[PDB]
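Same chain, two versions here, written out as structure tokens and called structure 1 and structure 2.
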Structure 1
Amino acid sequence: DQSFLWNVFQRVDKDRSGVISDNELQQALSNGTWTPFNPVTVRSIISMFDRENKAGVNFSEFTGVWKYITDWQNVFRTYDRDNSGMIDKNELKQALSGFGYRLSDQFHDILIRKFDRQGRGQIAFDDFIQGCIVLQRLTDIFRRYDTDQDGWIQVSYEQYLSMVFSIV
């Protein structure tokens, strides 16, 4: 529904420039905890859909942003079974298993610790997205190196440095 998305775009694009900036997108997003939507997550989302290195999305690009965030909301709403604004370790295990990840139970505690900005041992919507984006990017890199598909990689000193340099 382009007519619906256009009216949304106009309300988010507060400076009426035709480009939604990081700050404009952040102000339009709720993370369900009454704190600012994780600005790293916002930057990740804008960068994924901005095809012009302009630190923002135009209307065509925003239609993708809106579907992306809506799809994420639908996943999170499914697994936040108590409507608390955060999913717990068991719910995170189910959600990531639904994406196809193969992760030990104990690694889910590591993931929550790494990405939960609230510090309560559960994970809110904005931090959930960011953790999943990172997990996909890191797993993609591992899949490239694991050419024998055994779950293990072997790398030299300089291969390891180059691998880290590709990450950060």
Structure 2
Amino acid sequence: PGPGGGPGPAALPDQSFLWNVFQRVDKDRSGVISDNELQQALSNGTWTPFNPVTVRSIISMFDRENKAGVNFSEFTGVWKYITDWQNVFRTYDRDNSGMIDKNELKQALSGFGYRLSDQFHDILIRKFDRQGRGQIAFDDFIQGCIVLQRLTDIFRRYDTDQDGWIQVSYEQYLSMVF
């Protein structure tokens, strides 16, 4: 009872719709949406710029030809990815506040397959809650979840017997923490 089960949060509009959207986000009309243009399109709902770190992660996830951006085709992937996350967010934002608190966060993660202690959720919030109020906004929710799934993979490469425990040498410790 330790690790983090199945993955997480990742298609109804036609191409024209999404092509028109693409054209708007792509302000310089360069043909490619950059970290900066995407950010201005996204909304964390807290009136602050969408967590740039998350935008980066989202960009390099759908950008194939390392071009620090995405083209139309890949964008529809970004569109879907952001959309699936919003649905996840609203599902667990139970008191309809627009922010995910600790109780909701435990529900989100439990629902993703994670089996983490209560204490850990305080750490998780403090770590990714930029707002600094114990209420996680949309963008910090994605990032925290990406980092969890991104670190759970690494852990699994090491936990050969997937028992939730591993023995590491000082270096490996740093190497994997790096």
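Counting starts at 1 and follows the sequence of structure 1. Only residues modelled in both forms are compared. Only the largest set of C-alpha atoms that superpose within 1.5 Å between the two forms is called the rigid core.
With the core held fixed, the Cα of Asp82 is displaced between structures 1 and 2 by 2 Å or more. With the core held fixed, the Cα of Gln159 is displaced between structures 1 and 2 by 2 Å or more. If you overlay the core, the Cα of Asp148 moves by 1.4 Å between structures 1 and 2. Taking the rigid core as reference, the CA displacement of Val19 between structures 1 and 2 comes to 0.2 Å. Shifted stretches between structures 1 and 2, defined as 3+ consecutive common residues each with a CA displacement of 2 angstroms or more after rigid core fitting, are listed in sequence order as 81-85, 156-165.
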